[PDB]
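This document opens with one chain alone, in structure tokens, the form deposited in one PDB entry.
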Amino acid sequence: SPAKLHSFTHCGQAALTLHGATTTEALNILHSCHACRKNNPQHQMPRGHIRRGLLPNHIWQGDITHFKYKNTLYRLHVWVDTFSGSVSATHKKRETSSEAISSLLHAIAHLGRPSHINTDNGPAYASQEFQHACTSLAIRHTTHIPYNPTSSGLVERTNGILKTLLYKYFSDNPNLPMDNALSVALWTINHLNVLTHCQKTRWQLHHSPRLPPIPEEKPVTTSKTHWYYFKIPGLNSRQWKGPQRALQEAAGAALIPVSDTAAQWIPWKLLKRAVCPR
């Protein structure tokens, strides 16, 4: 019996076929097996993409990066415009809510006033001080899923680009002052370098004629939900957990009840399709 053979040995589809079974029956035996699906690290789920603004100064991404220079650790606060890619970076001695506000205001003076900003839930971004500063300027601030740095991909990539340019500059003049290098790198990135795919600079996109209006949006999502095996983003696990039913699923993540009391948001990269127990 293919069912008994798989229950004893957990052999694959081609093994079950030769002992007598059609491809569909062996395939259903594999699909209905909980042990196989909890322990196979493979899964096939869609990819998510960060939310991008409809026009300049609509959505921004911010992050803090460490840089080592002259036995001193500098904290670079970086803001990137999700439409044009324009970068504002400031170097500070430490990470603090006051420094976050100062860097945001410097970015506003450099680029403009953004409608929304989103950052990972860092200690200096969830403070009451930062929320009050954003609210006084009518800036709506949202946060990401914890322990998922890929949800801020654009700003992290910009951190890499900025640090690479800084290393290139310091390779020539080890005695070059930090602010000189940062200013030259910012000028190079925004005014000199050309974006790979649109063949235009960041500054050209940022000050392009705003004549094209904002395209309309739609808040309608899928009205159905499924069962999911899952892994918690914070702690990596060898085998999946669940399965459990999703309260609601957005484009890029879902609500999974992790325990009997609290639910949580999990991205599609840590979810695996299950089968309905009924």
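What we label the rigid core is the largest C-alpha set whose atoms superpose within 1.5 Å from one form to the other. The numbering used is simple: start at 1 and walk along the sequence shown. Residues that one form lacks are left out of the comparison.
There is also a form deposited in another entry; it is not shown, and the following applies to it.
- Relative to the superposed core, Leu55 undergoes a C-alpha shift smaller than 2 Å between this form and the one not shown.
- Core-superposed comparison between this form and the one not shown: CA of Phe67 displaced by less than 2 Å.
- Comparing the forms between this form and the one not shown on their core, residues 1-37, 68-70, 212-278 form runs of at least three in a row where every Cα shifts 2 Å or more.
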